[PDB]
Every structure is written in C-alpha cells, then in structure tokens.
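Residue numbers (the deposited numbering), protein chains in the order written: chain 6, 23 to 116, 136 to 243, 250 to 281; chain 2, 34 to 146; chain V, 20 to 84, 96 to 110, 122 to 134; chain E, 19 to 292; chain 1, 20 to 367.
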Amino acid sequence: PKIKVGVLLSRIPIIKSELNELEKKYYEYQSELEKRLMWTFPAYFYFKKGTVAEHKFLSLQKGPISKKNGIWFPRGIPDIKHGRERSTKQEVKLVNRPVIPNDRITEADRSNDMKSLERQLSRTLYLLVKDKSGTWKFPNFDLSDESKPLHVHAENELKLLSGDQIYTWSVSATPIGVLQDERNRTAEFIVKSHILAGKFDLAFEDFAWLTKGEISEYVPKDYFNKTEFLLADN
Amino acid sequence: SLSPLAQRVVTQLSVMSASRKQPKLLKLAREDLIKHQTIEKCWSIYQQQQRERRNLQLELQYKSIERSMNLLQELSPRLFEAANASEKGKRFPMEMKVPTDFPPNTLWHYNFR
Amino acid sequence: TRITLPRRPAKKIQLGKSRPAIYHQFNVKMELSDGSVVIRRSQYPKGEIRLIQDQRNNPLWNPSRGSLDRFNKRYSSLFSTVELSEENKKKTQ
Amino acid sequence: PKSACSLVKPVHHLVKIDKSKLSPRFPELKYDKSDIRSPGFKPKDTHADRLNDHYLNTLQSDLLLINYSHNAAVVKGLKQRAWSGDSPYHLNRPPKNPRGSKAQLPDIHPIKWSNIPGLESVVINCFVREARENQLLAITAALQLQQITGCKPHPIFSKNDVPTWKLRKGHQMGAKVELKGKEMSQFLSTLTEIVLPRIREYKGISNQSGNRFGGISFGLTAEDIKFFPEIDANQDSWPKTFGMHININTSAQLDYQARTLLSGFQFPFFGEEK
Amino acid sequence: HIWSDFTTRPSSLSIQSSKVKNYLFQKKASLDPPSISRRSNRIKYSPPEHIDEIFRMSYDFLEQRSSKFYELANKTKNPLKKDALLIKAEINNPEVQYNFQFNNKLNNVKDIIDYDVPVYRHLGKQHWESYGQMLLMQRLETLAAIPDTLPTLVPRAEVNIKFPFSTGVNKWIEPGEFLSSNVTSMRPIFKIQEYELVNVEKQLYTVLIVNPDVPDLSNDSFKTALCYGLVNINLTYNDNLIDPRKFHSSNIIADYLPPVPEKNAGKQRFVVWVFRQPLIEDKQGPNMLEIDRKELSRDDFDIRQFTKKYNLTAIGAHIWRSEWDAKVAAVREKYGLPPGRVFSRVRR
RNA sequence: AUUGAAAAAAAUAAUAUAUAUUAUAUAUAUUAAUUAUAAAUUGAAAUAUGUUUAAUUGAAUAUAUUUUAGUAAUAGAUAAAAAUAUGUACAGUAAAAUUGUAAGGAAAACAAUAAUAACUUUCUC
C-alpha cells in the first residue's frame, strides 16, 4: 500500500471562547452572590486620610443611611461598620488614557472571508483544501522517498505550497490518525501541526480556514465521521 | 502606645482580617432556596456532561493514534520508529499564547524571523 | 530586643459559624504592551491599567516577531560601519 | 481514669453510623460548605477561567499526542522488597526497604485520555528571615502575598532552632498560600504576562529544577515582586518587600511532562535537561 | 414540557399551594415569597439578583432531561428498572423537592407526599438513611438487641412505634427510650414505612415484640419473652399504621402483655422486630401462614428458631426499655398477673 | 398591623404563648440573630432644619441630631511551630530519608515521594 501524508493545520483561538446563554446568566448570579457576601472595601488602607486622592474617591462614593432615633426604617434598622450596610451588597465606584478594548468580531468576519486567519478569534481554525475534483479535504502529500520522518516531510510540503509564507510547528512526530480505503490501495497518515505566523495563499484549486461546524458543511459525511474527533469543538 | 510603623502594620493586618468588614449571612426563603438548588444541580450536571464530552473526545483521539501507529508498524518500520521517539524536552512554541479577553491591535503577523 | 505586636485575647469562632474570607475585589482591565485587553479581578481600586513592559513586547516570549541611550542622546549632532573603519588601525596592540 | 487500654469493640451490622449526624450540637456544620445554608458558603464558579479553558481546548490534546508511546507498559517504582523464605527468621520479618531509597516510590503510568498532565496546585512559600528580629515583617509579607493572590495566606512559624542563624523555635516568620482552581490560574497568567517579562535578564525556569514526580519550582526576589500590579500600582504603600518561593504542583507522572505542560502556558525553560 | 403535564403523571408531583407555584414560575422577581408570612418581614426580605432567568433555564434543562428519561421509562418492561427510570426523571423536579423537604414525611398527606409514587419513596428512603436509620442501628448495637435476640439487621423499612391508648399523649418513641409502666400499660401502635419496591397486594408482614431480659433463676441467666406477636399484616405505602382497626383477632399470635420489670432485676430491653412474609409464586392473592399456637411459648421464646421455621426476613426494628417503678404492681393487678418478684439489690 | 411590590395552611429546628401526662409532649404563631461589647477637641457618613444656584429635584454650603472610625491576626471541629499536663465527646496521623525551590550554604521554610481489585452514587459511549 502507498504511504500518504495527511496534514491539518490548527490556528488556535487568539481570545476567550464565547459563553453559552445558560453559562453567562449563571456566572452573573454567582458574581452577584459574591458581591452580596463580599467584605467591605478597606478604603482607609488604600486611601490615606487627608489626601487629594482620597477626596476624589469619597466624592465618587455615596454613603449608607445611618440609624436615627424616633424614625421607622421599614427595611430593618441600619447595621453599619466601616460605613457599609451589612444587610446588603456594597457598590464602590471608581500615559493617562481610557483603556478601550478592540471589537472581538472583525472586518474579515463581517465580510465572511474564508481564506483569512483573522476571521474567527474565539474558535480553532483548521486549514482545508479543495482538489481537482469538487471534494474538500485536509492537505494530502505523496511520500515517495520515505527517508525523512513523516511530520518533517509534511512541513516541507506545506512550506513548498506556501512559497515560504507559512510558519508552522508540529505538535509531535506521532500521527493523530489514518484515512484508509480499498478502491485506491493507500494509507493517509495524518500529522498535526500549528500555524504560528504566516500566510498560506498557495495540486489544489482553492483553500479555506474553518471551524469544526463549518467543515461538516464543506467536507463529505463519511470523511467527517472519520476525522470529527480530531478537531476541537471550540 | 504605638509607633507609626506599628500603626501601619496594624492597618495592613486589618486589610487581611475579617474584623468588622463582613456582611450579614445570606438568608433565603424556602422557594428561593429551592430555586438556588435547582440552578446549582443543573449547572453541575452540565459541567459533568462537558467533562464527559471532552474525555470521550480524548479517548477517541487516543484510539485513532493507536490505530495509526499499529498500521505504521505493519507497513514501514523506519517511519514507525521516527514517529515513536522520546519527546522529553518538547516545548510548546512561545507564539501559541493563552487567548486574551479582547484581541490586540495587530491581530495576526504575516511576517516572521 | 525582638520587635513584636503583642496579641490580645483571640475571638472565638464557633464551629459551623466560620465564614470564608471573600475579599473586596474589582474587575480590572489590563491593556498589555499591544492593544490586547484582559480582565482580571484585583484588590487595588483601579478599573483600568495599561502596561509598558509585558510578555507581548519581550523578545524571549516572541522570538519570531540607560548609559548607551544617554551617550546616543548627547553625541547626536556628530552621528558617531564607516566610523569604526575610520578609527580602527590594527597595527598597535 | 481506671485504665488507658484502647480497644474498639466489633459490631453486628454493616450500616455505616455517621456519629456527627446523630448529635444536635453543630447544626450549621451538618451542611456541606458547598451548600448555601452553611455560613461557610462561597461562590466558587464565579467566572470563566481563561487559562483552564485554553488548556482544555488547545493544550490537552497536544499533550496527549506528545506523550503517546506505542504499547507502553507500566514502569513500577522502587518498593519495599519481601524476604526470600530461605530461613525461619524471615517468617514475621518486616520487608527490606527499597533498593536505592529509604521511602517507596510511585509507579509511572503510560499517558492516556484519563491521566494527561495538568495544573494541580500552586504554593507560594515566603519565609522572611529578618522576621527573627521583627515580627511585623512577617505580617507585611503575609499582606503582600494576599495582595498578589487574592487568597488568604497562612502564617509560617519557625519549626526548628539553630544558633548560627539567630533563629528561635515557634516564631512567626513570613507566610504561605496554597492556590487552587481559578485564583491559581489567574496568578500563573499574571506571572507569565506581567511579572516575569519585567525581570531583566531572566532566561527561564531551570530544566534541572523540580521534583522527581510532577512538581516544578522557582523563586522571585524582592526586586521582582514590585512588578505585580497590586504592588505595582503603588510603590509608596510598599517600602519593604519580600522574596518568595513558588512551588507548582502538576498532575504529571514525571517532571519532563510537567515542564512541557508549563511551557504550554508560556513559561520559558533554559537549562540543560536531566 | 413534561413537568407541566399531568395526564399520565400523578398529582403529587405538583405543588398543591398555588401562591408558592406562582412564585416559583414568574417572568420577573416582582412577587414576594409565601414562606415569609409577615408583611414587614416580606418588605425587609430581598432575594438574590438575576435568580429568575437562570432558574428558568435550569428548569428547562432538567425538564428536557426528565422528558428524555421518560422516553426510555415507558419502553422498559421489568418493574425495578422502570421505577429507577421514573426516579431519575422526576428527582430533580423543583416541585417534588419542595413537597418532600418542607412537609412531614412521618404522617404524610397523600396529595403532598405520595409514597405510592417511586420518586417520593426514594426521597423518603434517602432521608431515613441520613439520620433515623443510623440512630436505630446505633441503639440496636449499643444496647445489644441484635446478637442477643436476632443476629443482624439489614434495615429496609422504617419502623416507628407509639403508645396512644394508655395515657392520652401523642409521641413517637425514640429508639432506646425509658418508658414508664403507665405509658406502656396498654398496647403500642406500629408504622412500618416501606421504601423498597414491593408487591403491596401479596406481601404480608409479621411483628414481634420480644423481651430478652427476663431472669431465669434455674439457668442463672435470662430468657426471652414474646410480649406481643402479630402475623399476616397487610401494609400499603401510604396506609401503613398497624392499629386494632387494621389487624383482626386471627392475626394476633400472642396478644400484648405489658412490660412489668421486677424490682432490682434491672433494665429490660423491649425490641420490636418487623419481618416480611415469604412470597409464593403461581398463587393470586395474599399467601397466609398458620402458626402452631401450642408450639410457640411466651415465657420462653426462641426468636431465631421461629424465624427459621416460618422463613421470615427481618426488615425493620425498634426498641424501648423499661425498668421497675411504683406502678408496675398496679399494671400487674390490672392485667391479673401475679404480685411480681423482688430481687436483691446486689448482683452477688 | 400601618409601609414596598403587583380566604389561608400542610417539614426539621429555634423562639413566643398555651395546655396534655406520675411520658422534657402536643397545639397555634413567627422565622430573629450569626463575630459583636464602654471610653474618641481631629477623620468619614446619614438624616433634619436653613440659605444660595438650574412650585421642582440636583448641586453647593451652615447648624443640630445621630451613625460610623478604637482600624489587631484563629474563618477550620483547626490536626506534629509554640501555648491549659486532670474529665468527657468527636476526629486524624507521625518520623526519617530522598528530589527540588529567592537570599539558603551540612544545618533555617515550603512543596512533593506505596497499591486501587471489588463496592456506592453521579455523568457518559
């Protein structure tokens, strides 16, 4: 049987994963529970008495309503220590420049450019390739020599395809899996490797960088079943 | 009584201490308590499911690797030997960074070295 | 001789009544050397910090991507290679 | 006391009697600390841990792939050897201690989907030696630790006595703090990003550093602690500052695996490996 | 939405209180908790923020899970497995949790906590294991009621006794209590609460109160005494209080003789044992059993031998213990028992 | 109970009140507190009563009445640093040696160092 070299290039996510609707709400609740149970902010430590910095902090803050004799407090009598209502959550409001974070969605994402690497930042992108036929697949390469190791050969092939734009890193010498068949007596040993910093851009007609959910749409069903578990969900 | 250094130490100690800084106990109604329990239990179940999914995936990957390596051993001994080496001092590349909360100004570097 | 803070009588935390130390913490945004922002919980009161020297501008963490400085500043008009070639006769040593 | 003879009587049933539950003494203590009704309640899973998420997604699969050795069997550790029964004096004799070591060593298992190496715990041991003179220095060190971590420190006391170093027994000297879960992860992330780049000439954690089994360590000077953002934000509040040891405990079978794992979280490693 | 449906599912799984149910299921945290009865206290109270939407999501998640379980549950044929599936489906239901936790389990009202329902029965079992069962086991071991009467116990049914007819006061007896001779003058009332899946129609039970500590001066030791013996009793998960109402005179193999401890004879353990009958196949209806009433004796009673004879399995137990007081003579006189012996204060 | 928001009730336990019994039970009502305790010409906050600004509320400021700040460690049934050495109840396991780690070095501190077959529960193929 012919030995062939499968390669799937894994661009790892550059930001946090997006939270599930269930997850977000739960986290908010836990944060609010924490706040309710949180201690008083010891302002006396962080801000020295009779100082310009303290004064601004005081102005930003608003104090708690104290207990006073001859008055009904229908939400119980105020329990105060270090200037906080013990019965409730405390809120503490706070080059010289405002830290403005960048948008997590990108220009590429908006346009839906599949060849770009900046198109999904919270997901793991995988390099797919379209051959002479209409099928998509992970980059295949013929291993005729069999002198060098397999992963190294794969990397060299990728580099050749690129024209030395790509900068990859093999995770290991061990192959993740095999794609095998009876019609063509061959064996495609799949290597894993990580794109670190470069273009691809280019026999194969077209390519794309896709998440696990999009690969199912592009690639055949049997092929997907064979190589589903290899891909990360996020 | 005390020096300024002693005072500052006491203040520092206070920052860490629970003395007169902590609120009342979080009391709930019985209905509220139940609601909380149902929230927590469901969450725990979800977390377990996620763990199983990930664990299952890992097991599947391991099985695939095993299947591959047996095949490699059968076909080309040299290739199998090359694959199965001690990767003792293997280091993850310093470019594969831990994904931040929000992305940088330059999202991706196209040139290198 | 030994400098100390002499202890008062300790307050009896009853069994079951012990409460966990939940310190007051703010959600603080750290903008690193480049524009990548990251949220971290912090005890000091500052909603936003921007950092100058981080892993994201250190050469050790990204290989692929002040006496000397003072000297450069105050010998700038002269512009100080050609200068090396001029002042490097290797006969005397 | 009529006697000191301790002797637990056998029972006539297999039901496991939890004696704590039969009392009415500590009603708040019968609840688990996870339960909302306990005064010991704390919101655990407050926000999504970032380093942990990264490990789950990218690293864990990669680590598994690295650690696969084909048909790798278990390597048994050094254990207590039994005596050959070639003499009647071997008959109730305690077993021979292990070959090289006095203590027994664990078995090294092959890495599979279950036992992939991962972060277990961080411990930040700060023993300030000037606090043999000044107890207040121990307090300041503990505060610093708390600031750095967002976790409650525990006081270290002088366990030993020695004349050469002016050290008594039973004297409060610095503090420690075992970080676990999300706080630990945050602390690691801060170390990777903020602090360890601001050390000027740092090559890395040594490759000769570590336990024999999945534990790696290093230490920060008093100069290095001034880069932590809680410290960093105010120079003025901290005139003095104390170094610290940082014991990272992994779920790794061996130390090279642990080193590889830490590298995955952006820890540089410089020295010649064992 | 399986948990809102009550076509096939019992009524007990819902909360019977309307206000409580409304509070549980609302779209905003507007209403105030029915548990807090007082207006001022309600005003004072503040529930934790964001709790509603998350709760709703959790409900949906667990409701979906329950529905999925039910898909399996109906396909299942064998009964224990089906019951287990049913339990799995409904155990995380908030309404059933509310019902169980905050209403009485001992004298359960059928509409609130139905022990015919498998989930509620499972909950009750779990509750029993948490405290009451452990306590019972401790009292059996410490007092030495197990090896002295009947080798071991594997507690399955929760057994609670009462003495309503003697005095007037209502009190479930805590295991290993010292009761007065006035209290235990007339017979007790049992409640055998069964938590295992069992054939309610076929399964009969026997109840034996035994006194291991009556002194035999010929042997210079003690002998057993069957103080009260019932057989062929029918239990039902909800209808389980063994009272003169239920059992007939035919069921009484040995009618209640009261504790009458002798002076200085010591403390006398009275340990009730509850056995279930052996169930015979290929026979519809409850399989009775005949006891040879001349063979079994009350003044000396091999409990273990009796059990061996009739092939019984001890599922439950309870114990009190009586010692001499002034009124035991009066009790004897009432029952027509003889004057009663008096022993030496010293155990020489 | 008055106040906010938009017929009732059905556990345990605690509290209040009542009574049942030579039975520390039952009935009804309600779910408090939970890390505090005197003493502060000086810090900080609230409320009330005035005055000025853009019937009004915000904002500023004066007096009065309060409230906070005395900033101090254990937060765990703690478990081989030191401290109450006799009772009882509940629970746990030491040491050495080895491999490491900022000053630390043979000798300060912290970490790690025997085996999971079977069993129960939970999630899952």
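Note that beta-carbon positions come from the ideal geometry of N, C-alpha and C, so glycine has one too.
Beta-bridge annotation (DSSP): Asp253 (chain 6) is paired with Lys171 (chain 6). Inter-residue distance for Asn93 (chain 1) and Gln152 (chain 1) is about 33 Å (C-alpha atoms, whole angstroms). The Cβ atoms of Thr243 (chain 1) and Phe320 (chain 1) sit closer than 8 Å to each other.
Within the segment 23-34 of chain V, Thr23, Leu24, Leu34 place their CB atoms closer than 8 Å to a CB of chain E, listed in sequence order. At a cut-off of 8 Å between beta carbons, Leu162 (chain 1) makes no contact with chain E. DSSP, read as helix, strand or coil, puts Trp343 (chain 1) in coil. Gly232 (chain E) and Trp131 (chain E) have their C-alpha atoms spaced approximately 17 Å apart.
Under the three-state reduction of DSSP output, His189 (chain E) falls in the coil class, being neither helix nor strand. A distance below 6 Å between beta-carbons, with the five flanking residues on each side excluded, links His108 (chain E) to the following residues of its chain, in chain order: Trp101.
Judged by their CB atoms, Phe175 (chain E) and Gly222 (chain E) are not nearer to each other than the 8 Å cut-off.
CA-CA distance, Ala270 (chain E) to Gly136 (chain E), rounds to 7 Å. Taking the C-beta atoms as reference points, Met202 (chain E) is found no nearer than 8 Å to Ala156 (chain E).
With contacts defined as CB atoms closer than 8 Å, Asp63 (chain E) and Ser56 (chain E) fail to qualify as a contacting pair. Within the segment 206-239 of chain 6, contact with chain V at the beta-carbon level (separation under 9 Å) is assigned to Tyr208, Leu237, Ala238. For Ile71 (chain V), no Cβ of chain 2 is located within less than 8 Å of the residue's own Cβ. Around the C-beta of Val136 (chain 1), 16 or more other C-beta atoms lie within 10 Å, and the residue is accordingly described as buried. Neighbours of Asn70 (chain E) across chain 6, judged by C-beta separation under 9 Å, do not exist; the nearest C-beta is about 11 Å away.
Of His142 (chain 2), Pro137 (chain 2), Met127 (chain 2), the smallest CA-CA separation from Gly282 (chain E) is found for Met127 (chain 2). Residue pairing of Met262 (chain E) in beta bridges, as defined by DSSP: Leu238 (chain E).
Fully enclosed beta strand (DSSP E) runs of no fewer than 3 residues occupy 233-235, 240-242, 245-253, 271-273 of the segment 226-273 of chain 1, in order along the chain. Among the residues of the segment 29-61 of chain E, those with a Cβ less than 9 Å away from any Cβ of chain 1 are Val29, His30, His31, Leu32, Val33, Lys34, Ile35, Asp36, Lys37, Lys39, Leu40, in the order of the chain. Linking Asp101 (chain 6) to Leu58 (chain 2) through their CA atoms gives a straight-line distance of about 13 Å.
Taking C-beta atoms as the reference points, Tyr167 (chain 6) and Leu243 (chain 6) fail to come closer than 8 Å. In this structure, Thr259 (chain E) sits near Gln162 (chain E), with a CB-CB distance shorter than 8 Å.
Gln55: these are the residues of the segment 55-69 of chain 2 whose beta carbon lies less than 7 Å from some beta carbon of chain V, given in chain order. If you draw a straight line from the Cα of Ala160 (chain E) to the Cα of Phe236 (chain E), it is about 19 Å long. In terms of Cα proximity to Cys169 (chain E), the closest of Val48 (chain 2), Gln81 (chain 2), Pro136 (chain 2), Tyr143 (chain 2) is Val48 (chain 2). Just measuring C-alpha positions, the residue of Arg111 (chain E), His172 (chain E), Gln153 (chain E), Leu185 (chain E) sitting nearest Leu197 (chain E) is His172 (chain E). One finds nothing in chain V with a Cβ atom closer than 8 Å to the Cβ of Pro37 (chain 2); even the nearest lies about 14 Å away. Taking all protein chains in view, the Cβ of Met60 (chain 6) is crowded by 16 or more other Cβ atoms within 10 Å, so the residue is classified as buried.
Per the Cβ contact rule, the segment 255-265 of chain 1 is not in contact with the segment 331-350 of chain 1 (fewer than 3 Cβ pairs under 8 Å). Approximately 15 Å separates the beta-carbon atoms of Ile231 (chain 6) and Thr209 (chain 6); this is outside 8 Å, ruling out the contact. Linking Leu112 (chain 2) to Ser185 (chain 6) through their CA atoms gives a straight-line distance of about 12 Å. Interface flag for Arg100 (chain V) against chain 6 is unset, since no Cβ pair is found closer than 8 Å. Distances from the alpha-carbon of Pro267 (chain 6) to those of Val170 (chain 6), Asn91 (chain 6), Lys90 (chain 6) put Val170 (chain 6) closest. In the displayed model, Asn46 (chain V) falls within a strand according to three-state DSSP.
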